[PDB]
Amino acid sequence: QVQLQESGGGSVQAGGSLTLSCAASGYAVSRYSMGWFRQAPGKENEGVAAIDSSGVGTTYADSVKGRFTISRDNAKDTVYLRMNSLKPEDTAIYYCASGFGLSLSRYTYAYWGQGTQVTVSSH
Amino acid sequence: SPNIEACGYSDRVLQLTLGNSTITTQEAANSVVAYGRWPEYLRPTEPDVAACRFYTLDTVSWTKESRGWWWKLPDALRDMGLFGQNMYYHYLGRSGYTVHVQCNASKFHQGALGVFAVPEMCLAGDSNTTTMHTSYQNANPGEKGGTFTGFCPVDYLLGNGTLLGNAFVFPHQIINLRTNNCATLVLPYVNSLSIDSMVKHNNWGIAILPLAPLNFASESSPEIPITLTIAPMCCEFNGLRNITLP
Amino acid sequence: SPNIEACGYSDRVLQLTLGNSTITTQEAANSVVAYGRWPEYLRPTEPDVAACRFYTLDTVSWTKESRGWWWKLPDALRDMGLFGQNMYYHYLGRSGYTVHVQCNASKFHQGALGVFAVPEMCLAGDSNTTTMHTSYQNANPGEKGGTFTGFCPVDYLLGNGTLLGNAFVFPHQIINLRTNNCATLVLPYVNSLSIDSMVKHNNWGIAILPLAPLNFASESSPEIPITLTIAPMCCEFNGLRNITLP
Amino acid sequence: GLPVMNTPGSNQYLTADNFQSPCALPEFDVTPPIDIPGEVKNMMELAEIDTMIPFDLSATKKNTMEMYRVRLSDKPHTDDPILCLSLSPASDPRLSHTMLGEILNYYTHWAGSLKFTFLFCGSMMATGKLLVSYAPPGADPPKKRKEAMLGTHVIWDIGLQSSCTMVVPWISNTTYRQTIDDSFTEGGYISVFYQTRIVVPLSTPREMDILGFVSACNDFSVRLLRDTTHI
Amino acid sequence: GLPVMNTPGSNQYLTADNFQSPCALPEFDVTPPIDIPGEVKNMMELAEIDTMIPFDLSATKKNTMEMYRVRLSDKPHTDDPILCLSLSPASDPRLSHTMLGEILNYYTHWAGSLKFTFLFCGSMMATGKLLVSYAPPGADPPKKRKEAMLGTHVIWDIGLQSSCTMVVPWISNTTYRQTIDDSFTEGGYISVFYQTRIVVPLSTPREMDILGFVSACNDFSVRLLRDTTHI
Amino acid sequence: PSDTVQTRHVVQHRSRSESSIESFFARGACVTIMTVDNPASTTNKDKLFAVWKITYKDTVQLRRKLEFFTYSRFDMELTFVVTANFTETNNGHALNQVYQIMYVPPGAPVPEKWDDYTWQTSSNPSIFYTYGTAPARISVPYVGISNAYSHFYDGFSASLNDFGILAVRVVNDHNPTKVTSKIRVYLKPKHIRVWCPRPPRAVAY
Amino acid sequence: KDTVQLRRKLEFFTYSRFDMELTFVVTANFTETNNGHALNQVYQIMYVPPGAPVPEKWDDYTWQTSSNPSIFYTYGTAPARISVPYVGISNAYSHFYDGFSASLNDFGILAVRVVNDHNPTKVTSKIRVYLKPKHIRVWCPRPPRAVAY
């Protein structure tokens, strides 16, 4: 059974950088890609960042472009979502998924994490 | 499974006038025979047109919140003229069903209805040890029927504990708004016996759940109606008892 | 085993012009069919001349110190025009081989080459429990090839742990300098399957080791060159995938 | 007595044997069978029955009816497929829950062809064109339209015909493939892209869905009966 | 029940028997066999395949490729054979490591003829003549040319034909011979001598080699299956 | 090769014999584990008899396999693997035992005490298995009251169909050294026929 | 591949198809020097077809195998015997495999336990397995493995 442990969540500040990670069990991370999907309170399944382990070819969503950084580790079978310069709109319960690969689409994936809640706290 | 594409609009209005009834079907063609069998006679009193004619159940509103609907046979048609009578005056009874489900909308509405006929459709209550459980009356909601939910039949569990996606094993048709307006399901008698008692045992089970949501253009009709016309086919009953008039 | 005596010198220069290629063989006659079978079609896309034509690998120097040389099929011919392409664009692929090994010297040079075609020739590493072992890249030295030694294939152990003297069980011919100048080996497709994936599995294995040392008259050419011309026979591949152009 | 010799294997019990033993109830009147519609002869027959694929098994949409609803939203023409699927039965969580897959988890091999049927569920008036693509085994997932375009693909028109049927052929190395996750024998990809785009008249909802179905063919067979039942 | 009587031998297990037992996997589709080239029917067939004899198993040359290289050096015409070999299979360390011998170490007897093929590997220009000699069983090893000359011998010319084939016949007392060292049934000798000498033109290397091969014939058969496998 | 027309499918069959109905259930699986004993002492719980109602519904393996269908007819072949052992750590002795297995046809008197008259059953079958030999085997034909066995029954009257009850005791009498035994029952549904298939029960029972 | 005798004999060839006949000679004995008793035992042998779940505990569900064959051998009688036909995934069993993906071909796994339950006097047993490759066919021969394995 393939397991993805969504780790790196919490309530940081507006502009407060927060990295994310997922331990990929059950398969060779290279055969798959890996991405991120956020969903705001009562909203929809929306994409953020995803890259393929083999080609390491980046792809971000238009609204998140720049501030977010995705990076894979083939040694520890983990992904690193460097959500830097956060904004009050980035307050959406995140999720990670291994892809076939490769890009941020509707669903287009299969293995889904439990869900980590990140809240871009602002004064 | 039902990958057909008749025409798309309307061509030919050809009415089915059996006995006293009249239907005026969208067309005639595009019908599914359950398992490839036509309702035949036991190889008895055969009423024919007397019992064999079209009866229409109550019309129900399909809405953007609807979870589904379900009925039982002969159960629903227990309050239908001669077929309602012959059901209580006999200890026996076997019958076929021409479930003709109609649903009209405009070229502006979108969605998809899957009419599923589940033979021996017992409803949700995970007590394997003690099934049937829910009272005779609840299990039998007559002509008004019962409804699925998001006696409690869960929609994705087809209201029996099995994933909806596999429902496609039972005879069915998909009333897809952009194509078909009508659904025709001929269900032959299916039970462990040659003939049985209708009052107690439910042969089939018509279950119409929404596969696609309902979306209407800007402002239009907030809801669309679905109608179920059912008819007893090649039926027989043995043997009149003190025509115990009610 | 190969106790033949054609003529000794040269008679007839009869060129093999298949497709775009041209060979100009020493003669034509004196060829060995591996096990008595000709490369036949699976009883698919058959490219014929497109794929079925002569390709020449890199020429290697034979010297008084040479221990031997070895190649893999289709491996070597993985960088050969259309046959190189069809190998990466398909998930399947079966093919025959006309290994035509030529070696020219004078009436003054002496020695003996034994061209051995070993079906399923895995190379030396005495881990019976865990074979394959040596990396994909080492195991596949392409068109430049690999060499035996006095990834480490021991010559008297044919580079697999079995005494060279018994190598004579596999199809072969002996290019004996005083007689033959050419070696012709038609190898039909041999594998556990009807068709397989060429990129991963190596069917045959051409191994040319020296049975006699090289001795040249006084002062002459310090070394003599050996050439390997290989050709795909009656080949088929299924089925074009997103012609994923490199 | 007739000279007989007891060989090895006597007094053992082979669970899968086939022997004639004593019948506990002599002369018992067995109730004759009636032709109840729907007699099944072999399991492969239940596979040749199209079954809806739960494509969107997302965090919230999995184990809910939404897993069956692939929604074509209002987003930019990015060659990012709307959906991609691995032709690897039990080695992919989507093809597994289908009646087809349910038959495959009881064997070790599977051969033949398979057919994916897409049914569009949008307004009659709505039109557009999509490209359903197939990439044979071992090939990399087609991530661009251009990429997917090169291989076996069908250009499915919404405007005209509502249902597309793409029969995935038998482009396999081994005569018998692994139902398990193997690189020696790995499926491939079935993906859909925006050939054109979605065109809707007036103010009709701009988001509709598409359903998917999967089934086997006459040449589809299985072998080596195994199980997987837990407590 | 049918009157049957259990005779001696019941419930025993004969390793070499042949009985019909229960088949663990009923109706299992066995993958059909394909004509993969090189099907073998009997072991004697692998023997009719010439295999190179490692003649020089000297202290340093044994377990090295040199064991296969018999070198004709520049030495005096001494009737001392260049090579001599005992036609005694497992009773001689040379015929043992051949594919032929490898078949014989699995039986007790061996019958029929055998053929020794010598292939010369020297300069085209080089010429000379040699005498390959055979001395039937029990006879003393031919130590002189004159001695070897009297018996069955072939006068092999280097100058003309490169390969000599001397078929050793079936001159045996017993209809079936010992593969073991026995004096009652002992092989004989195959030896080569300088009929003439080696003549090389110009300055071409004065030392070349000759290879040897051995195989069986159609009349070659074996019996009493035995083994010898250690740990 | 590469092709995606829309034909029926492509070619014709390709060998599917080991997948067929008969061959799908040709395997006999465990259905229950009955525990008897031959005590010398008055143990009223384990008291010789062991009663078990013949139902597939107890185990999982053979249960889910039968659930892909709604109706079935099947010749039920049963085998009994009996195994014994001493309970007390004593060098006590026991003579090779005999057990009495009873296939009691559906709708008959279920034995209570191991002493009652219903344990003599002039009509009901019995099997005297001597320990230490080849396991006992009986064949019960289609004993259904209907034209088919209904796995899932919709309506009113879960007793299912009732395949009867099995009762076993030690025939040999009270021996000082208490020996416990376990009878494993297997079911092979030969000559099986089925009708109207449903989606398989996804979850646990 | 575990033993030597039958191993070297099969190595003269590269490919083979063979009906594998197996016999099981079970033998028991008491371990402790005690005049302890034991009732004639039953053992359960299991031929588990290649690529299936390998049993761990003797308690798990995979020891019930609704599909996998089993043999209940009562001690003191004629040894048990089963026939496993050509169970190869390919057209032939490859003794020496060249290329990448040594697991060989995988002929399955055998599991055995004592069916009879916990008896105070501990009895140990040993099951000897024999293999007879009836109806055997072979292709492309190689020189025999000279040395030790």
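None of the figures in this text is laboratory data; all of them are computed from the coordinates on show. Every residue, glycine as well, gets a Cβ built from its backbone with ideal geometry; the counts of neighbours run over all protein chains shown.
Taking first residues from region E:198-213 that are charged (D, E, K, R) and partners that are in a loop (DSSP other than H, G, I, E, B) and surrounded by 14 or more Cβ atoms within 10 Å (Cβ to Cβ), the Cβ contacts under 7 Å between residues at least 6 apart in sequence or on separate chains come to E:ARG206/E:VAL200; E:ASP209/E:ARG69.
Rundown of residues vs (1) in contact with a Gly (Cβ under 6 Å, 6 or more places away or on another chain); (2) under 27 Å from D:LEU225 (Cα atoms); (3) surrounded by 18 or more Cβ atoms within 10 Å (Cβ to Cβ); (4) among the hydrophobic types (A, V, I, L, M, F, W, C), yes/no style:
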{"position": "D:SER58", "(1), (2), (3), (4)": "no, no, yes, no"}
{"position": "D:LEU72", "(1), (2), (3), (4)": "no, no, yes, yes"}
{"position": "D:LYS75", "(1), (2), (3), (4)": "no, no, no, no"}
{"position": "D:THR78", "(1), (2), (3), (4)": "no, no, no, no"}
{"position": "D:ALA90", "(1), (2), (3), (4)": "no, yes, no, yes"}
{"position": "D:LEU95", "(1), (2), (3), (4)": "yes, yes, yes, yes"}
{"position": "D:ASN105", "(1), (2), (3), (4)": "no, yes, no, no"}
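Restricting E:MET43, E:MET52, E:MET99 to those that are over 20 Å from E:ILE198 (Cα atoms), more than 11 Å from the chain's Cα centre (by Cα) and either crowded, with 18+ Cβ neighbours inside 10 Å or not polar (S, T, N, Q) (or both) reduces the list to E:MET43. Look at (1) more than 14 Å from chain G (Cβ to nearest Cβ); (2) assigned to a loop (DSSP other than H, G, I, E, B) and you find that C:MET121 fails only one, number (1). Residues that are more than 14 Å from A:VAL118 (Cβ to Cβ), in contact with a strand residue (DSSP E or B) (Cβ under 7 Å, 6 or more places away or on another chain) and among the polar types (S, T, N, Q) do occur in region A:14-35. For region C:49-86, what are the residues that are in a loop (DSSP other than H, G, I, E, B) and of a type in the set (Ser, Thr, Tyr)? Listed by number, the residues that qualify are C:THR59, C:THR63, C:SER66.
If the condition is being more than 9 Å from chain F (Cβ to nearest Cβ) and farther than 19 Å from B:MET80 by Cα, then region B:136-145 contributes only B:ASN138.
For region D:77-99, a tally of residues being within 8 Å of chain A (Cβ to nearest Cβ), assigned to a loop (DSSP other than H, G, I, E, B) and not acidic (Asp, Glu) returns 5. In region F:40-74, of all residues being assigned to a loop (DSSP other than H, G, I, E, B), within 14 Å of chain G (Cβ to nearest Cβ) and of a type outside the set (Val, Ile, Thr), the one that is surrounded by the fewest Cβ atoms within 10 Å (Cβ to Cβ) corresponds to F:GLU67. Here F:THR4 meets the list (1) part of a strand (DSSP E or B); (2) within 14 Å of chain C (Cβ to nearest Cβ) almost entirely, failing just condition (1). When only residues in region F:170-184 that are under 17 Å from the mean Cα position of the chain (by Cα) and surrounded by fewer than 20 Cβ atoms within 10 Å (Cβ to Cβ) count, which is farthest from F:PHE86 (Cα to Cα)? Among those residues, the one meeting the criterion is F:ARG184.
Inside region A:98-110, residues that are more than 16 Å from A:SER71 (Cβ to Cβ) and more than 7 Å from every other protein chain (Cβ to nearest Cβ) make up a count of 1. Of everything listed in (1) assigned to a helix (DSSP H, G or I); (2) in contact with a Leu (Cβ under 9 Å, 6 or more places away or on another chain); (3) of a type outside the set (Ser, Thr, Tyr), the single unmet condition for D:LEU130 is (1). Could you check how many residues of region C:124-148 are over 15 Å from the mean Cα position of the chain (by Cα), in a loop (DSSP other than H, G, I, E, B), within 21 Å of C:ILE208 (Cβ to Cβ) and small (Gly, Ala, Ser)? Number of matching residues: 1. If the condition is being surrounded by 18 or more Cβ atoms within 10 Å (Cβ to Cβ), β-branched (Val, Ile, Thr) and either more than 8 Å from chain G (Cβ to nearest Cβ) or at positive phi (or both), then region F:75-94 contributes F:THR79, F:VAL82. Before we move on, is A:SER30 within 14 Å of chain D (Cβ to nearest Cβ), in a loop (DSSP other than H, G, I, E, B) and over 20 Å from D:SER58 (Cα atoms)? The answer is yes for A:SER30. Restricting B:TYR9, B:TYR35 to residues that are among the aromatic types (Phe, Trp, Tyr) and either touching a strand residue (DSSP E or B) at 6+ places or on another chain (Cβ under 6 Å) or surrounded by 12 or more Cβ atoms within 10 Å (Cβ to Cβ) (or both) narrows the list to B:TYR35. Scanning region B:39-48 for residues that are closer than 23 Å to B:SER192 by Cα and assigned to a loop (DSSP other than H, G, I, E, B) yields B:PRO39, B:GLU40, B:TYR41, B:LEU42, B:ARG43, B:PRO44, B:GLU46. Residues in region D:24-73 that are of a type in the set (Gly, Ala, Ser) and within 12 Å of chain B (Cβ to nearest Cβ): D:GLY38, D:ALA47. For region A:3-57, a tally of residues being surrounded by fewer than 19 Cβ atoms within 10 Å (Cβ to Cβ) and more than 13 Å from A:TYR80 (Cα to Cα) returns 25. Selection within region F:12-39: residues that are at the interface with another protein chain (Cβ under 7 Å from one of its Cβ atoms), hydrophobic (A, V, I, L, M, F, W, C) and not in a strand (DSSP E or B). The member of this set that is surrounded by the fewest Cβ atoms within 10 Å (Cβ to Cβ) is F:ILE21.
If you go through region B:87-118 and keep only what is within 20 Å of B:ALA167 (Cα to Cα) and assigned to a loop (DSSP other than H, G, I, E, B), you end up with just B:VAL118.
Restricted to region A:1-44, and to residues there that are in contact with a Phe, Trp or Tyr (Cβ under 7 Å, 6 or more places away or on another chain) and of a type in the set (A, V, I, L, M, F, W, C), the residue that is nearest to D:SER88 (Cα to Cα) is A:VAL2.
Just one of the numbered conditions (1) within 7 Å of another protein chain (Cβ to nearest Cβ); (2) under 30 Å from F:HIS93 (Cβ atoms); (3) buried (at least 18 other Cβ atoms within 10 Å of the Cβ) is not true of G:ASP117: (3).
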